[PDB]
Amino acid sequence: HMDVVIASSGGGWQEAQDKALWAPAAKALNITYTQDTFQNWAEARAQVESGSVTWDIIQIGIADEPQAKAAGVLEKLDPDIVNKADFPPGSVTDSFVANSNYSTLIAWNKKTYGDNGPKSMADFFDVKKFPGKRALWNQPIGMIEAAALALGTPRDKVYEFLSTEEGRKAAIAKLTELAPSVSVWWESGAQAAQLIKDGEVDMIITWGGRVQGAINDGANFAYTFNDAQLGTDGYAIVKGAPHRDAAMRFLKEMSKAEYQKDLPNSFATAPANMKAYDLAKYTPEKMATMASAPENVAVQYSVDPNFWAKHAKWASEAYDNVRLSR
């Protein structure tokens, strides 16, 4: 009840944040903290709506931020919590501080397809060319866009296509056509990593760090950055946080280059603080696994928070219908 409560999505990703950021920053500030886990920012909304907020810091996505901010779920962060020039443009708002870049990408089972696995969203959606069990997230960010890409939309026109009612309906129709081949709608990064380790799916759209972690654990899977979504993860403080002031100081400390440099030590993620790269001096081998590496960025498209700030409610309901058809 006296400790700052920080929450992310568990598994290897939470363990990496706790080791590189939370435990060293709390030690430097001589403070005590408690961890929690959640999969959707709507759980932070529920706390705000119930009138009993227990979480202080929440780890959310860059495209969750406009929605959460509009719903009054987030506190406004103190000015100069970070220097905006040290982070990618748009990754730091008045209610969010980025901690990393990651990819929502295609991974496939080498026992099923060998080296000849799906290398694009058109291939992921091609049950004729690639027969097998698919796994998709139970939340729509990266999933609606995957269907738009599968329909032939160029990566740079994804959100131009999803700007019309016609494009949005076509993306849902493409997901509905794929739905009978979707054996599991994964709910957490650790569950997606477990599906990969057990070879329970033939192909999956999930986060790069989770995929690489499963492969490091022995999974006979391969993956590509082609047609992947370049995402941004970060921190926000819950509106009415019981330890708001202490949380603000903790978030300021953990955003520093000295902690950020250690974030990809074992977990395949890309630090958001640009000064971390100079401090750590990552090997080319290390850089190649990073979502934000130039060669990887070249075959990706960035998530658009402006799209999600407008059509999240529609996407949630329509995507729920696609999954509820099973």
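In this text, residue numbers run from 1 along the sequence as written.
Look at the C-alpha B-factors of 93-101 and of 117-125. On average they run higher in 93-101.
203-211 and 83-91 differ in mean CA B-factor, and the higher of the two is recorded for 83-91. Comparing C-alpha B-factors across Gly189, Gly142, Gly167, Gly234 in the deposited entry, the largest value falls on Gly167. Take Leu136, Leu195, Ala71, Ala147 and read off each C-alpha B-factor from the entry; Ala71 has the highest. Among all modelled residues in its chain, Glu317 ranks in the highest third by Cα B-factor. Per the deposited record, the Cα B-factor of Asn273 falls in the middle third when ranked against the other modelled residues of its chain. Among the modelled residues of its chain, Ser163 has a C-alpha B-factor that falls in the highest third according to the deposited record. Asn40: CA B factor lies in the middle third for its chain, per the PDB record. Ranked within its chain, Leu151 lands in the middle third, by CA B factor from the PDB record.
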